[PDB]
Structures are given as C-alpha cells and as structure tokens.
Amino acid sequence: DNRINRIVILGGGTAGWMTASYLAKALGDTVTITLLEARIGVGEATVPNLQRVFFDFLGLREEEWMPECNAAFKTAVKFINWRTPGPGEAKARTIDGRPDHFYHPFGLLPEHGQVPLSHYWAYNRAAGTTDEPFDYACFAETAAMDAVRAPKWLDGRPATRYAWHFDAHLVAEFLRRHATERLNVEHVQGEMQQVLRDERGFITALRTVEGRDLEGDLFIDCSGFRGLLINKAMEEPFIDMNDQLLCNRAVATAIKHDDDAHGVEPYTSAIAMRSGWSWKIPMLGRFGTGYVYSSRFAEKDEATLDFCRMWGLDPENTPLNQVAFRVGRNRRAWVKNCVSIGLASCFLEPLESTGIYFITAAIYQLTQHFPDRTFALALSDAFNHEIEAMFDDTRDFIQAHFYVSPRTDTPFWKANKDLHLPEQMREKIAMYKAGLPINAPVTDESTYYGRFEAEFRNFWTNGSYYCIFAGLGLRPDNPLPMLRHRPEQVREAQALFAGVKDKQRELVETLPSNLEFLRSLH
C-alpha cells in the first residue's frame, strides 16, 4: 500500500484550480485534495486542445463554461507591423500596397503528393505567377477573420479550428466552484506560514498562519512567480533566459469597446512597438491589452505613454497594471515530492499564447508520470524532460519572431539580430531556405487534435513555421527541388488553392459575425 493518499496545492489562481479540478476528476475518492490560497483582467488566449484535454475531461461543454468567463473565440494570432518601421500604433502600416499584417491560424495544411500546400505556394511565388501572401493563399480562415466572422454557425455547426479568449480570474472562480462543489476539493483560505520537511527534504505538510497543518504526500506549487515551494523551500534554481528573449516588463489594462461599430475581432493581435510588442485580446464589450517591453531598451514611463498613446488613453486617469516578468524555467519542474505548475514552473511572454497550454500540458504529463510514495526517480526525470523540451522548443520559436523580423529601426529590433541563435533554429531556417518542410504533420487533424500526445510530439508544425517565416517576409531560396521533377503534381495541386478561395467566399458570405455568436452565447 504505497499509493498517494493526500495532495496539497499552494495557490488558487488559474493554475491552482485547473490542477485541483483535473486531479480530483482523475483520482476520485482515492485521494484527498486540499488547496491553500491567500488585478485588472487583461485577457488571456488559449490553443484548441484546451477543450479536448481539459474541459471535456471535466465534462464541461463550452455552452456552460464560456458564459461564466465572458469567453470569446480565437481563430489565430494576427501580427501587425512586424516588417515596417515606425511608431507603436494599432493600425497596420502599408508595405507593397498591402497592410503589414499576417495571420498564424490553427489547423493543419493540406497536402498534395504528400507535399504541404505551403510548398506549392512557394513554388508559385518563385515562378512569378502569383504575389499573394502565404497566409491568404493557404488559409481559408484569413477571409473570415477580416470579416470578423465567428468560427462556427449559430447552431453549433463548426467551420474553422479555434480556441478562446477569456478573463483568467473568471475561469479560476468557475473552476473553484466546480472543484469544491462537485469534486470534493477542500478550499483553505489562508496564508502559508512555513513548509514542514522531513529528514530527506521531502515536504510533509504546509502550515497556515492559523496554525493548521495541511498534511500531504504530494505538493503542487501553483504560487506564481513566487515559487514558494519549488524555489524557496526546495531551493531549486531558476534558469534566467532573458539573454535570449529581451522583454521583461508589461503595462496592461482593459478597455471598454463598442462592439456594434466594427464587431469583435476573433483573434489575438500582437502589435509591434518600438521596444517590444502589444497584445490585444478581444471579448464581448471590452478587450484586454498590454505592452510587453524590455527594460534594457525602454523606460517605464515611455512604455506607459507609448501604450496609452496607441489606444488614445489619458495616462493620468487610466488604471494600469505594471508587472515585471521572470523569463525562463526552473532547472527541474519536479523536485522530490514538489511539482511546480504554471508561473511557478516557467514563463514566456504571451506572444504565442503558451501560458494556459503550459499548465494543461504539465497537468497532463503529471498524470502520465504520477508517482506513489516511493517517488521513483524515473517518473520525475521523465516528467522534467518533457516539460523542459516543451518550454525550450517554444522559447526558441518565440525568439525566431524577433530574429527573423527585418526591422532594425530601433535599438530593440536591432539588438534582437545580435543575439545568439540556437543551432536547432539555425538548422530549421537553413532547411526552410532550401525548400524543405519543417516538422511536417503526418496525421490528419482528427488524430492531431484528438490525441494530446500526438500534438505534444509535434506542437509547432510546418504550417506554423511558414506562417511566421513567410509572414515576416522570409522565403526559401528556391522551391523544393523534387517539385521540378513532378510538374503534373504541381498542376494538380492548384485545385487546392481554388478550394481555399471557394471556402474563403463561403465563410465570409454564410458565417455569422463573432459579435452575433457571442451575444447568442452570453
């Protein structure tokens, strides 16, 4: 009889209550779970697997949890002004007669002859028979997002792959209620006084300021950047990676919005600024927004003013959150009987909406490597490996946004070009320039989005590397050389571009607006 009997979670934000709800659902009566928890809602974005991996596991359909979190729909991230120089402004600048924006949608690109559609687009660009941007030629979603359409028809009929925007505080409160009312999680409202440890350094109990000992065999650190368990009690070092990603501050708020004027944008915006980038996370009646910048290149006051100026805000009569970030990850996410999840584990700037995903993935991987009271080292070693590889792969992917961007107009954008590029990312850029696919998907969407392990082993597929590289203006030196030996396959593949064009008109003309669906839902 060596199985875990008691779990104690420190921290009651999004990570704490996603951890409490999922583990309580997975373990049932076999374990007692106790959570001990002691400002402006600026919005948060997600990835499609959140419904399949997390909410479906809890039995919660979007029709129930979305109205409780003022949730809205996300079809992509839209990158604005990442190729052109100038001020931090909300509207895209013009380049080659086109707006300077590009999309990074979800889903998998179709193939012909087992070659991704991306490579036939690069073929036609090299041939000079088209000048259409990659995202508008290969993604039907681009048209629907420009027409601010919903990702679904009003009666639930799906149309395009999508994720969610929501208020993270409202999500934690919803899950707090669900866990304590339906899953028998004990909520303890108090502060932690001290961490009780045994001879081997394992945590035995959390002691509250009221003097109560929360006894447990397994402890989850969801205390945010504080890392009260993993960093302070367990003394596990944090690996600062701000040398590779320069942004370390944000100034943020939420802005009321008249949705009847131009609708609700069904995508997160990442707006390039002089010393960083600004997010925009739209919801019903309001949008969250924050300027992520580097303190090495911008003063706090100028970032604040640049941020307020973009949105026409009075800087002296606007509620603002001023936050400093911890960019990097712990050397190990799981040490002895202490598992860090969320900001206590790692953090990247939300350029590609990895925050909620890193929690979901850590929760899932914990159940996959769940221990007993012997705490076999292979379980936590394997867990730490998957978490480390997940973070480092996305970290490098994020850096390539700034590295491949052609902007050199401010010290921030130029300095990104002087940073060391990791060898694996250099290899990928070289393969992309030689015409090769990068991390091409080998399954259809149903397997990819049906099995979390499928996506986890290939999270940034070829479509995503093309979305960013081609969106930033980087194009291969030549098309895939095999394509010049298969002219008939090139001729046949063009039907796919017509299929995208057909779907583009169909969705724009028959889909409801994002605003209409949100008002039907809320």
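Start at 1 with the first residue shown and count on from there.
Among other compared entries that model residues flanking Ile40, a third or more give it no coordinates. Gap between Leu474 and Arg475: none; every deposited residue in this span has coordinates. The deposited model assigns a higher average Cα B-factor to 214-222 than to the other stretch when 359-367 and 214-222 are compared. With 65-73 and 460-468 compared on mean CA B-factor from the PDB entry, the stretch scoring higher is 65-73. Across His385, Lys433, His420, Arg274, the greatest Cα temperature factor reported in the deposited entry is at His420. Looking at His165, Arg98, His401, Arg125, the one whose CA carries the top B-factor in the deposited record is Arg98. Per-chain ranking of the deposited C-alpha B factor places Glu302 in the middle third. The deposited CA B-factor of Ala495 belongs to the highest third of values across its chain. Looking at the C-alpha B-factors along this chain, the one for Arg426 belongs to the lowest third. The entry lists a Cα temperature factor for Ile203 that places it in the highest third of the chain's modelled residues. In this PDB entry, the Cα temperature factor of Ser405 sits in the bottom third of its chain's modelled residues, the lowest group.
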